[PDB]
file target-v7.cif (mmCIF, C-alpha atoms and all ligand atoms)
data_coords
#
loop_
_atom_site.label_atom_id
_atom_site.label_comp_id
_atom_site.auth_asym_id
_atom_site.auth_seq_id
_atom_site.Cartn_x
_atom_site.Cartn_y
_atom_site.Cartn_z
CA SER A 1315 0.00 0.00 0.00
CA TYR A 1316 2.67 2.52 -1.17
CA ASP A 1317 0.60 5.63 -2.15
CA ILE A 1318 2.62 8.64 -0.78
CA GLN A 1319 -0.49 10.94 -1.17
CA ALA A 1320 -3.19 8.69 0.44
CA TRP A 1321 -2.84 10.25 3.94
CA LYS A 1322 -4.61 13.47 2.87
CA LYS A 1323 -8.02 11.97 2.12
CA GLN A 1324 -7.61 9.60 5.12
CA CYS A 1325 -7.12 12.71 7.35
CA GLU A 1326 -10.12 14.48 5.74
CA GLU A 1327 -12.31 11.45 6.56
CA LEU A 1328 -11.00 11.26 10.16
CA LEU A 1329 -11.69 15.02 10.62
CA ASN A 1330 -15.27 14.37 9.37
CA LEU A 1331 -15.68 11.64 12.05
CA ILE A 1332 -14.26 14.02 14.73
CA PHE A 1333 -16.81 16.73 13.68
CA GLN A 1334 -19.67 14.03 14.14
CA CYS A 1335 -18.41 13.33 17.73
CA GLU A 1336 -20.34 15.37 20.36
CA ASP A 1337 -16.99 15.39 22.24
CA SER A 1338 -15.45 17.77 19.60
CA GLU A 1339 -17.96 20.65 20.32
CA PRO A 1340 -15.50 22.72 22.45
CA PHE A 1341 -12.56 22.19 20.01
CA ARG A 1342 -14.25 22.99 16.64
CA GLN A 1343 -13.55 26.77 16.75
CA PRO A 1344 -11.09 29.02 18.65
CA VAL A 1345 -11.40 29.17 22.47
CA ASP A 1346 -13.71 32.18 23.07
CA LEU A 1347 -11.35 34.91 24.36
CA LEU A 1348 -14.34 36.96 25.74
CA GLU A 1349 -15.56 34.05 27.99
CA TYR A 1350 -12.01 32.89 29.01
CA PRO A 1351 -10.31 36.28 29.42
CA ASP A 1352 -7.04 34.74 30.79
CA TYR A 1353 -6.73 32.07 27.97
CA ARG A 1354 -3.77 33.70 26.13
CA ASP A 1355 -1.86 34.25 29.45
CA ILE A 1356 -1.74 30.38 29.78
CA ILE A 1357 -1.69 29.19 26.10
CA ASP A 1358 1.01 30.44 23.68
CA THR A 1359 -0.34 28.74 20.48
CA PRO A 1360 -4.18 28.33 20.15
CA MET A 1361 -5.33 25.46 17.89
CA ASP A 1362 -8.77 24.01 16.91
CA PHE A 1363 -10.17 21.49 14.40
CA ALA A 1364 -11.46 24.15 11.96
CA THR A 1365 -7.91 25.54 11.67
CA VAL A 1366 -6.52 21.99 11.11
CA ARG A 1367 -9.14 21.30 8.36
CA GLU A 1368 -8.46 24.66 6.63
CA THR A 1369 -4.63 24.10 6.79
CA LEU A 1370 -5.11 20.64 5.19
CA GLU A 1371 -7.49 21.98 2.47
CA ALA A 1372 -5.08 24.90 1.69
CA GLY A 1373 -2.33 22.36 0.93
CA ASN A 1374 -0.25 23.64 3.86
CA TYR A 1375 0.55 20.27 5.48
CA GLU A 1376 3.41 18.30 3.82
CA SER A 1377 2.83 15.11 5.92
CA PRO A 1378 0.36 13.54 8.30
CA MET A 1379 2.99 14.00 11.09
CA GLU A 1380 2.51 17.79 10.82
CA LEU A 1381 -1.32 17.42 11.05
CA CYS A 1382 -0.87 15.07 14.05
CA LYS A 1383 1.36 17.67 15.84
CA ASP A 1384 -1.42 20.33 15.49
CA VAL A 1385 -4.22 17.95 16.68
CA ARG A 1386 -2.03 16.94 19.67
CA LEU A 1387 -1.65 20.71 20.43
CA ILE A 1388 -5.49 21.02 20.71
CA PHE A 1389 -5.36 18.36 23.46
CA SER A 1390 -2.23 19.71 25.28
CA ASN A 1391 -3.80 23.21 25.32
CA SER A 1392 -6.97 21.74 26.97
CA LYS A 1393 -4.81 19.98 29.61
CA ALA A 1394 -2.79 23.14 30.30
CA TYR A 1395 -5.89 25.41 30.60
CA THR A 1396 -8.07 23.08 32.72
CA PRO A 1397 -8.39 24.07 36.44
CA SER A 1398 -8.91 20.35 37.31
CA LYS A 1399 -8.66 16.81 35.83
CA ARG A 1400 -12.45 16.26 36.41
CA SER A 1401 -13.49 19.24 34.21
CA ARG A 1402 -16.19 18.59 31.54
CA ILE A 1403 -14.16 20.08 28.65
CA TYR A 1404 -10.86 18.38 29.63
CA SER A 1405 -12.79 15.11 30.15
CA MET A 1406 -14.18 15.42 26.55
CA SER A 1407 -10.61 16.10 25.30
CA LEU A 1408 -9.32 12.81 26.75
CA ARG A 1409 -12.02 10.70 25.05
CA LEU A 1410 -11.54 12.53 21.75
CA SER A 1411 -7.74 12.12 21.95
CA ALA A 1412 -8.14 8.32 22.46
CA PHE A 1413 -10.39 8.18 19.38
CA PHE A 1414 -7.97 10.26 17.31
CA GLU A 1415 -4.89 8.21 18.33
CA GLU A 1416 -6.70 4.91 17.54
CA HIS A 1417 -7.43 6.08 13.96
CA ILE A 1418 -4.28 8.12 13.11
CA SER A 1419 -1.81 5.23 13.83
CA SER A 1420 -2.50 3.38 10.50
CA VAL A 1421 -2.41 6.70 8.54
CA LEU A 1422 1.09 7.46 9.92
CA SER A 1423 2.38 3.88 9.48
CA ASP A 1424 1.16 3.66 5.85
CA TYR A 1425 2.67 7.06 4.97
CA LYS A 1426 6.05 6.25 6.51
CA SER A 1427 6.05 2.81 4.76
CA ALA A 1428 5.21 4.50 1.40
CA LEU A 1429 8.13 6.96 1.80
CA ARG A 1430 10.53 4.14 2.70
CA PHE A 1431 9.35 2.20 -0.46
CA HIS A 1432 9.93 5.33 -2.59
CA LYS A 1433 13.62 5.39 -1.37
CA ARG A 1434 14.12 1.53 -1.48
CA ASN A 1435 16.70 1.67 -4.39
CA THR A 1436 17.35 5.49 -4.32
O1 LIG B 1 -16.47 26.67 23.09
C1 LIG B 1 -15.97 27.18 22.09
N1 LIG B 1 -14.64 27.21 21.85
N2 LIG B 1 -13.72 26.77 22.78
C2 LIG B 1 -13.82 27.08 24.10
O2 LIG B 1 -14.44 28.09 24.48
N3 LIG B 1 -13.21 26.23 24.98
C3 LIG B 1 -13.03 26.56 26.39
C4 LIG B 1 -11.57 26.44 26.81
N4 LIG B 1 -11.03 25.12 26.43
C5 LIG B 1 -10.43 24.20 27.20
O3 LIG B 1 -9.69 23.38 26.66
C6 LIG B 1 -10.71 24.02 28.60
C7 LIG B 1 -10.24 23.12 29.50
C8 LIG B 1 -10.91 23.37 30.72
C9 LIG B 1 -11.74 24.44 30.50
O4 LIG B 1 -11.63 24.85 29.20
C10 LIG B 1 -11.20 24.83 25.01
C11 LIG B 1 -12.67 24.91 24.64
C12 LIG B 1 -16.84 27.83 21.00
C13 LIG B 1 -16.89 29.34 21.23
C14 LIG B 1 -17.85 30.02 20.29
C15 LIG B 1 -17.82 31.41 20.12
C16 LIG B 1 -18.70 32.04 19.27
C17 LIG B 1 -19.63 31.30 18.57
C18 LIG B 1 -19.69 29.93 18.73
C19 LIG B 1 -18.80 29.28 19.59
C20 LIG B 1 -18.89 27.78 19.74
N5 LIG B 1 -18.21 27.30 20.95
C21 LIG B 1 -18.33 25.84 21.14
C22 LIG B 1 -19.39 25.19 20.28
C23 LIG B 1 -19.05 24.59 19.08
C24 LIG B 1 -20.02 24.00 18.29
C25 LIG B 1 -21.34 24.02 18.68
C26 LIG B 1 -21.69 24.63 19.86
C27 LIG B 1 -20.72 25.21 20.66
#
call {"tool": "encode", "arguments": {"input": "target-v7.cif", "output": "structure tokens"}}
result
Amino acid sequence: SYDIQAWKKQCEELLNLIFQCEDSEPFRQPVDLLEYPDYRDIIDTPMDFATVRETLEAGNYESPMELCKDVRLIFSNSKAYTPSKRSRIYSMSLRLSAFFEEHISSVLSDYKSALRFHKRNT
């Protein structure tokens, strides 16, 4: 399965599944800076799933590793901002992260395998 480009549509489909998850609600759009007035004191680099989808559609990811780094930033930001581990929004982040990790692993493995096949004789 050595298609170097296949990751992009696989990531579009996984983003569609994440948008169908009720657990993505808080992460779809930027953290509301009016409601959380201290957010940018705590979080240096905001990230959300709409920004990830637009960056993919613009052709501004070169690999699924770069997409994965941005999605993992959504989850680390939630963990850094939460006042407690039993918070609703952080709790949603942990379930959504587990879902994401379960489905991104084959996308990353197939991409890295395809690149190694491309260089097999170099
Ligand atoms: O909620 C939102 N965005 N993000 C945050 O405000 N968050 C709070 C902070 N945070 C944390 O990680 C965290 C950890 C512990 C505590 O917070 C990330 C999440 C946005 C805001 C917004 C503004 C203007 C119009 C619409 C919306 C939609 N909203 C959600 C939504 C999405 C789809 C449908 C219904 C509602």
call {"tool": "atom_distance", "arguments": {"input": "target-v7.cif", "atom1": "atom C9 of ligand LIG 1 (chain B)", "atom2": "atom CA of residue A:1374"}}
result
29.0 Å
call {"tool": "closest_atom_pairs", "arguments": {"input": "target-v7.cif", "of": "chain A", "to": "ligand LIG 1 (chain B)", "cutoff": "8 Å", "atoms": "all atoms listed in the file", "output": "CSV"}}
result
residue,atom,partner,partner_atom,distance
A:1338,CA,B:LIG1,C23,7.7
A:1339,CA,B:LIG1,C23,4.3
A:1340,CA,B:LIG1,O1,4.1
A:1341,CA,B:LIG1,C11,5.4
A:1342,CA,B:LIG1,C23,5.6
A:1343,CA,B:LIG1,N1,5.2
A:1344,CA,B:LIG1,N1,5.1
A:1345,CA,B:LIG1,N2,3.4
A:1346,CA,B:LIG1,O2,4.4
A:1347,CA,B:LIG1,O2,7.5
A:1349,CA,B:LIG1,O2,7.0
A:1350,CA,B:LIG1,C4,6.8
A:1353,CA,B:LIG1,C4,7.5
A:1388,CA,B:LIG1,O3,7.7
A:1389,CA,B:LIG1,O3,7.4
A:1391,CA,B:LIG1,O3,6.0
A:1392,CA,B:LIG1,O3,3.2
A:1393,CA,B:LIG1,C7,6.3
A:1394,CA,B:LIG1,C7,7.5
A:1395,CA,B:LIG1,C7,5.0
A:1396,CA,B:LIG1,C8,3.5
A:1397,CA,B:LIG1,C8,6.3
A:1398,CA,B:LIG1,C8,7.5
A:1401,CA,B:LIG1,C8,6.0
A:1402,CA,B:LIG1,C8,7.2
A:1403,CA,B:LIG1,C7,5.0
A:1404,CA,B:LIG1,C7,4.8
A:1407,CA,B:LIG1,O3,7.5
call {"tool": "closest_residue", "arguments": {"input": "target-v7.cif", "among": "A:1386, A:1432, A:1417, A:1409", "to": "residue A:1361", "atoms": "all atoms listed in the file"}}
result
A:1386
call {"tool": "residues_around", "arguments": {"input": "target-v7.cif", "residues": "stretch 1318-1332 of chain A", "least_positions_apart": "4", "cutoff": "12 Å", "atoms": "only C-alpha atoms", "output": "number ranges by chain"}}
result
A: 1336-1342, 1362-1382, 1385, 1406-1407, 1409-1433
call {"tool": "atom_distance", "arguments": {"input": "target-v7.cif", "atom1": "atom CA of residue A:1316", "atom2": "atom CA of residue A:1384"}}
result
24.7 Å
